[PDB]
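Presented below, as structure tokens, is a lone chain in the form deposited in one PDB entry.
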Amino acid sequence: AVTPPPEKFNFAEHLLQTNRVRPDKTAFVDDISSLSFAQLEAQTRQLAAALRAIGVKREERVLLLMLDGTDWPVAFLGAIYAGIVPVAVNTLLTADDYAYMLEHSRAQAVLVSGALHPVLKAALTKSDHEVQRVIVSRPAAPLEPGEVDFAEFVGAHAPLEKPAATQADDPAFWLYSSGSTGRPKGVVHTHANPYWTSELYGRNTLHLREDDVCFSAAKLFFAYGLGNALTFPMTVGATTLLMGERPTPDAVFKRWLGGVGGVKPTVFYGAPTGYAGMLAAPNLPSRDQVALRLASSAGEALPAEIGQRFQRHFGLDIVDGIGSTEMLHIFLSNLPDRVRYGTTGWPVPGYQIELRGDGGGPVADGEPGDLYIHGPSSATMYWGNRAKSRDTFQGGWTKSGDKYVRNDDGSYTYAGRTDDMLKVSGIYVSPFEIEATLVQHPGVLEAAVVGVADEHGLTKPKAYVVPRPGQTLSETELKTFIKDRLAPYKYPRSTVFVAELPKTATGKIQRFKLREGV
């Protein structure tokens, strides 16, 4: 039902051309600024020019480390328009994480929000990078020699006259994806990939349209967010609301109620964690206060009671689907008019789904298998990692690392992960990372972290800690340490002190016994 993109294709030019019908409609609006489609176009093309003027060439990478706001799609589309590959990254990571991404991407320039300039600085100082220029959006401190203010940079250059003559299957952008051990993998996406997600899911599954106002709690750096709040709305001419701050129930409700930009969102997107938090909130708005027509969920399985509670309150379902960084967006989903809570719905038309057992063979309905996806938006490889590329991308099929069960009605029910990671509110969290942080406290002897469901059925990490006999470590002291050592998104929901952990003769911790509540 969807025509493939032409083999000569630049995604940025495609989204700009789509919206030349509507120059004066708002494209993006945030707390302090707004861009119409024609202003976005101009700024996008001037940034493309600016990047070429400082010597960044076609196929070279730039790091895009930016809070959600109107400069973000300018950054992203401007690079793409130039045939430069933006590497769009999480804004909550450490200087060490970024130092690795600068070296691994060989980024030649960085586009960074002033609030993130201190962490970027640390990463630049410590690494062997190739960064020729730092372009700072909304600087929060004085610019260092050679750094340039984003607005000045865009404003200094005339718009690039034509886009880079890219192929549809040329790399257009990277995201990073983390595993339970080891450094993040550079997921390489082509120009065609987000065309396929925006058409097969944004348009043909959600039925987004021009008069929509989109608002995603999931940031633009998330694959989920990048669809929800950039590629999908730009595909149909919707207006997008962007928000720089942390998405709490209050910040979201403020927006829902038309507190920014004079717009009320019609389409909202977020993790089940956020929806649970909102429904808990004593000032949840009533349906007559909001203009929501469509509530999308992804980033962990949606507990049935959260959808049911949302539906009872709003008269609107939560439409929960699953995608990945490697598949770019959702491939298995409930539909806006067909929702079965306790399942992730049906394959998205355009994607083929398989469940494979221990030998790669078929599994009987109602038995769990590992999920593999065949669809036209899959990443081509992990950059510079052939072993991991071979394990994940196998002849047109992409291994998700999830397990699922197929139901008699052809829907799919989540069954666990194949690789120890915990999916906590949209972000993959490694139990092994948390264990290695806890053992650096002198009062901890050993530590084990597993996922446990909270009162809402949502998975959070839980730490089992053996304290070191000669020391005094209290629960609070450990919480103080965790607070200093880890990002809030990685916190254990609770920590239990035990006398010993169950292990094999080799010292392998039997984490499955801790999940069983021994």
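From 1 onward, residues are counted along the sequence shown.
Unshown form deposited with a small molecule bound; subsequent notes refer to it.
Quiz item: Going by a heavy atom distance of 4.5 Å, is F173 a contact of the small molecule in the bound PDB entry?
Solution: No, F173 sits far enough from the small molecule in the bound PDB entry that none of its heavy atoms falls within 4.5 Å.
Quiz prompt | Interface membership of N204, the small molecule in the bound PDB entry, 4.5 Å heavy atom rule | solution = Result no; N204 lies far from the small molecule in the bound PDB entry.
Quiz item: Given that the partner is absent here, does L242 sit within 4.5 Å of the small molecule in the bound PDB entry, heavy atoms only?
Solution: No, no contact at 4.5 Å.
Exercise. Check whether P265 has any heavy atom within 4.5 Å of a heavy atom of the small molecule in the bound PDB entry, and answer yes or no.
Key: Judged by the heavy-atom cut-off of 4.5 Å, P265 is well away from the small molecule in the bound PDB entry.
Self-check item: Non-hydrogen atom within 4.5 Å of the small molecule in the bound PDB entry for each of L64, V87 and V112
Solution: Not a single residue of the candidate spot has a heavy atom within 4.5 Å of the small molecule in the bound PDB entry.
Quiz item: Heavy atom within 4.5 Å of the small molecule in the bound PDB entry: which of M234, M278, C214, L102?
Solution: Contact with the small molecule in the bound PDB entry is made by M278 alone.
Practice problem: Note which of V119, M381, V252, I306 lies within 4.5 Å of the small molecule in the bound PDB entry, where distance is taken over heavy atoms; exactly one does. | Solution: Of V119, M381, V252, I306, the residue with a heavy atom within 4.5 Å of the small molecule in the bound PDB entry is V252.
Quiz item: Heavy atoms within 4.5 Å of the small molecule in the bound PDB entry: which of the stretches 145-153, 162-170, 387-395, 216-224 has them?
Solution: One stretch meets the cut-off, namely 216-224.
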